[PDB]
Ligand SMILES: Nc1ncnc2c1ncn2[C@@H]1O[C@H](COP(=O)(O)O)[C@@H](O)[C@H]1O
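Consider the single chain below, provided in C-alpha cells and representing the form deposited without the ligand.
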C-alpha cells in the first residue's frame, strides 16, 4: 500500500600493507533506535540512485568516493508505521572504495566501526543488512582475490 525506496553506499577501504592487508567496511550505528547500517537515504526528486547514494554517504560521514565497484545489492522489507500503514521498502546498496576520514554528527550517529565483512558477521547484530554483508563478502572475494 505504501512503497519506499532508499539508496546507500557500503564504504570500504583496504587497511595495512602489501604484506598484510584487510578489506573493511564502515559500519554506522544510528541513534535512530540503536542498530547498525550503512549510509543510505531517499533520492531527491530527479536524482539517480547512485547520486542519491553518494550524497547520503557524504552527508552522513564526510567520506568521498574513490571508485565504485560494478555491483549493487538489494534487500526488501515489509512493516507497519505510525498509522498502522503497510510499508513495502526496498533498499539498494552500491559498493565503493572511499577516501577521507569520518565526521559524524553525535546526534544522528552513535558509533563508527571499520570491520571486515566477516568481522562484522561474527561481531555485530544487524538484521537489516546481514544478507547484504554476506553477499558483499562473497562478491569481493571472487572479484578481487586470486583465481
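Residue numbers count along the first chain shown, from 1. Take the two forms, find the largest set of C-alpha atoms that superpose within 1.5 Å, and that set is the rigid core.
Engineer: Identify the stretch, either 45-53 or 96-104, whose C-alpha atoms have the larger mean B-factor according to the entry.
Structural biologist: It is 96-104 that shows the higher mean C-alpha B-factor.
Engineer: Between 108-116 and 76-84, point out the one with the higher average CA B-factor as the PDB entry records it.
Structural biologist: For C-alpha atoms only, the mean B-factor is higher in 76-84.
Engineer: Of 62, 39, 70, 33, which one's C-alpha B factor is largest in the deposited record?
Structural biologist: Highest C-alpha B-factor among the listed options: 33.
Engineer: When the modelled residues of the chain are sorted by Cα temperature factor, does residue 127 land in the lowest, middle or highest third?
Structural biologist: Answer is middle: the recorded C-alpha B-factor places it there.
Engineer: Among the chain's modelled residues, which third holds the C-alpha B-factor of residue 6?
Structural biologist: Bottom third by C-alpha B-factor.
One more form of this protein exists, namely the form deposited with the ligand bound; it is left out here, but the text below deals with it.
Engineer: Only one of these stretches, 64-72, 95-103, 115-123, 34-42, has heavy atoms within 4.5 Å of the ligand in the deposited bound form; which one is it?
Structural biologist: Answer to the contact question: 34-42.
Engineer: Would residue 79 count as a contact of the ligand in the deposited bound form, using a 4.5 angstroms cut-off between non-hydrogen atoms?
Structural biologist: Looking in the deposited bound form, residue contacts with the ligand include residue 79, since a heavy atom lies within 4.5 Å.
Engineer: Residue 135 versus the ligand, in the deposited bound form: is there a non-hydrogen atom within 4.5 Å?
Structural biologist: No, residue 135 stays farther than 4.5 Å from the ligand in the deposited bound form.
Engineer: Given that the partner is absent here, does residue 89 sit within 4.5 Å of the ligand in the deposited bound form, heavy atoms only?
Structural biologist: Because a heavy atom of residue 89 falls inside 4.5 Å of the ligand in the deposited bound form, the answer is yes.
Engineer: Kindly specify the one residue in 101, 97, 90, 81 whose Cα moves by 2 Å or more between the shown form and the other one, with superposition done on the rigid core.
Structural biologist: It is 81; the other listed residues stay below 2 Å.
Engineer: Aligning on the core only, does the CA of residue 131 end up 2 angstroms or more away between the shown form and the other one?
Structural biologist: Stays below the 2 Å threshold, so no.
Engineer: With both forms fit on the core, has residue 42 moved 2 Å or more by CA between the shown form and the other one?
Structural biologist: The answer is no, as the C-alpha of residue 42 shifts between the shown form and the other one by less than 2 Å after core alignment.
Engineer: Which is it in the deposited bound form for the CA atoms of residue 126 and residue 101, closer or farther than here, knowing they shift by 3 Å or more?
Structural biologist: Between the C-alphas of residue 101 and residue 126, the gap widens in the deposited bound form (3 Å or more compared with this form).
Engineer: Out of closer and farther, which fits the Cα atoms of residue 18 and residue 134 in the deposited bound form compared with this form, where the change is 3 Å or more?
Structural biologist: Closer together, which means the C-alphas of residue 18 and residue 134 are at least 3 Å nearer in the deposited bound form.
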